[PDB]
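# Coordinates in review
Letter by letter, the chains look like this.
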Amino acid sequence: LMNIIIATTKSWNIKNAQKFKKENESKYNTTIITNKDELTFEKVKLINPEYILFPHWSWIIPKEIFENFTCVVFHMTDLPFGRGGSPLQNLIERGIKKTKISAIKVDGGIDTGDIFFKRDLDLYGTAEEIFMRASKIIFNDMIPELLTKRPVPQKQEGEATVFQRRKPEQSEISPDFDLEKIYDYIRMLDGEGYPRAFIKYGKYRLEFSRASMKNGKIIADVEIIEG
């Protein structure tokens, strides 16, 4: 009976959205949107959603959409701490091992929107493992609660911190990093669509993944890529 949109990218989120749509046929008419071009005001208005849910979304959400429909982003910081881009890498760089996922109402500012509620999230493992862990919390706990209780979101309070979006060049590992920081860099960039941690060796790029810590060393996969 309630019309919703789930707009998301990444294979695990799409899978989880398809599963959610099938399991809740009786309660929700769920439209899944996975491409920038499918999320336009003219297309969305025809769907008439009560909520537009963004488990992971890569592009800027148009103003004509967030001003006319309740848009819910799931941002993996304890807001107003950590407003802004590449939150996973920004958290792991800071040595943080636990965060919160904040469900917020999009308002056009950088993660400044009213907060519906939060859930805990552990940050051990690869990016892919952490994003799948988050996705499971979002789909199994947060989305059902939001659609069922329909809570009124509350203004953010307290001092804010702002994260910056990381560029592909910032995947480069420095020789001055300690071993645990190297491990963090490799794991935090090891996931679908992310630029792997790397070093340069002459014209070569060495890209690392699947890191595992042993006594005095990291074992990983490497691609030695010719320029």
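Residues numbered from 1 in each chain as written, not as in the entry; some residues may be left out. Heavy atoms only, no water. Residues with missing side-chain atoms left out of burial classes, pairs and counts.

This entry, as listed in the PDB, derives from X-ray crystallography and reports a resolution of 2.050 Å.

A word on the overall build of the chain. In terms of helices and strands, the chain carries six helices and 11 strands. The C-alpha radius of gyration of the chain comes to 19 Å, within 12% of the 17 Å expected for a compact globule of 227 residues. Reported as C-alpha extents along the three principal axes, the dimensions of the chain are approximately 60 × 40 × 30 Å. When contacts within the chain are restricted to residue pairs at least 6 apart in sequence, those whose partners lie at least 24 apart make up 62%. (Helix = DSSP H or I, 4+ residues; strand = E, 2+ residues; numbered from the N terminus. Rg over C-alpha atoms; globule rule 2.2 N^0.38 Å. Contact = heavy atoms within 4.5 Å.)

What follows deals with the sheet that holds strand β9 (residues 198–201). With antiparallel pairing, three strands are arranged side by side in an open sheet as β9-β10-β11. In this open sheet, the two edge strands, each paired with only one partner strand, are β9 and β11 (217–225). In this sheet, neighbouring strand axes are inclined to one another by 35 degrees on average, regardless of whether the strands run parallel or antiparallel. In terms of strand pairing, strand β10 (residues 204–214) meets β11 through eight bridges, oriented antiparallel. Note that in β11 the partner of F208 across the bridge is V222. Sitting on the sheet, helix α6 (residues 179–188) touches β10 and β11, and the angle it makes with β10 is about 110 degrees. (Pairing = 2+ DSSP bridges. Axes fitted to C-alpha atoms, helices over the stretch in contact; angles between N-to-C directions.)

Attention shifts here to the domain arrangement of the chain. You can read the domains of the chain as domain 1 (1–165) and domain 2 (166–227). Between domain 1 and domain 2, the C-alpha centre-to-centre distance is 29 Å. Contacts between the two partners involve 20 residues from domain 1, matched on the other side by 13 residues from domain 2. Breaking the side of domain 1 that touches domain 2 down by element, the ones donating at least two residues are α1 (11–23), α4 (87–93) and α5 (127–149). A class-by-class count of the residues in the side of domain 1 that touches domain 2 yields eight nonpolar, seven polar and five charged. (Domains from an automatic or database assignment. Nonpolar A, V, L, I, M, F, W, Y, C, P; charged D, E, K, R; others polar.)

So, about the nonpolar core. Core analysis: the largest hydrophobic core is formed by 43 residues, its most contacted members being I4, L53, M76 and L147. Broken down by element, this core gets its largest block of residues, 11 residues, from α5. Shared between two domains, this core holds at least three residues of each, these being domain 1 (1–165) and domain 2 (166–227). Apart from residues no more than four positions distant in its own chain, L53 is found in contact with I4, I5, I6, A7, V72, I143, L146 and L147. One finds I33, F69, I104 and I115 within the second-largest nonpolar core, a separate group that totals 18 residues. (Core = buried A, V, L, I, M, F, W, Y, C linked by side-chain atoms within 4.5 Å. Buried < 20%, exposed > 50% of the residue type's maximum accessible area, 1.4 Å probe, protein only.)

Across four bridges, the pairing between strand β4 (residues 71–75) and strand β6 (residues 98–105) is antiparallel. Bridge pairing in β6 links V72 to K105. The pairing of β6 with strand β7 (residues 115–122) spans seven bridges and is classified as antiparallel. What sits directly across from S102, in β7, is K118.

So, about the packing of α1 against α5. Contact geometry for α1 and α5: axes closest at 10 Å, N-to-C directions at 30 degrees. With respect to their mutual orientation, α1 and α5 come out roughly parallel. By crossing handedness, the relation of α1 to α5 is classed as right-handed. Contacts between α1 and α5 involve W12, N13, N16, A17 and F20 on the former and, on the latter, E128, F131, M132, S135, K136, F139, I143, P144 and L147. Residue composition of the contact of α1 with α5, grouped by class: nine nonpolar, three polar and two charged. (Parallel < 35°, antiparallel > 145°, perpendicular 65-115°, else oblique. Left-handed = near helix turned anticlockwise from the far one by under 90°.)

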